[PDB]
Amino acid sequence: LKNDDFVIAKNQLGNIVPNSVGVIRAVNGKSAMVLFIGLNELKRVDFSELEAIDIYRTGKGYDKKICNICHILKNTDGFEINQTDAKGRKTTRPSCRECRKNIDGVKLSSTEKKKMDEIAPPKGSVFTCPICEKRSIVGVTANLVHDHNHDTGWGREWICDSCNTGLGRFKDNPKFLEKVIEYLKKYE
C-alpha cells in the first residue's frame, strides 16, 4: 500500500461499515492512516483490515460502483437506472438507493398535486418561468414540472424542467445558492 492508493474496509471499523472506500494518507510498517471518504473519518487501520481496490474498475461497465455520497462500494443494482448513453448503455444515478432517500425527501402529496393541477398551464400555451424568466410554449419549447418542497411535501410552483433540475444541483438549499452567488461575484 502507498499513499494515495484506495482501499475498502474489510470489516466494521467503529462507525465505518465494510466496503467503505478510503484513501491512504500515511503508511507505517503495519498500518495505514485512511481517510474514509463518506463519513470524512481519518482512522489508523491495520493492513490486515484493508483491501486494495482499483477505483477505475467500478461504475459504468462494471458489476460494482462507488456511491458519490456514502462512498461505499456496492453492486450496480444498488443504484437506479436513470439514462442511456450514445452507445445504448444504461447509466445509473451516482448516489445509491439508500442515499437517494435523503435526497428525494417527502413526495408531493395528492392534495397538493391536485391544487397544482387546478392551475396548470395548458399544453401549447405561452408560459414565462417564474425563476429563469424565459418565455416558452408549454411542452414544445420548454417542458414544465410540478415543483415541490421535499421537507414538507407541499407544492411550490409550475416551473421549467431546466430550473427544477438546477434547484436539485444545489440541494434546494439557499445555503448553496448563496455560495454560488459569492463564487460568481468573486470572478465578476
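Heads up: residue numbers just count along the shown sequence, starting at 1.
- Checked against the record, the higher mean CA B factor of 32 to 40 and 118 to 126 lies with 118 to 126.
- Per-stretch averaging of Cα B factors for 148 to 156 and 55 to 63 places 148 to 156 on top.
- Ranking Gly22, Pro18, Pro174, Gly166 by Cα temperature factor from the entry places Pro174 first.
- Per the PDB record, residue ranking by Cα B-factor puts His71 in the lowest third of the chain.
- Ranked by C-alpha B-factor against the other modelled residues of its chain, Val180 falls in the highest third.
- In the deposited entry, the Cα temperature factor of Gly88 sits in the top third of values across the chain's modelled residues.
- For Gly78, the recorded CA temperature factor ranks within the middle third of the chain's modelled residues.
- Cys96: CA B factor lies in the lowest third for its chain, per the PDB record.
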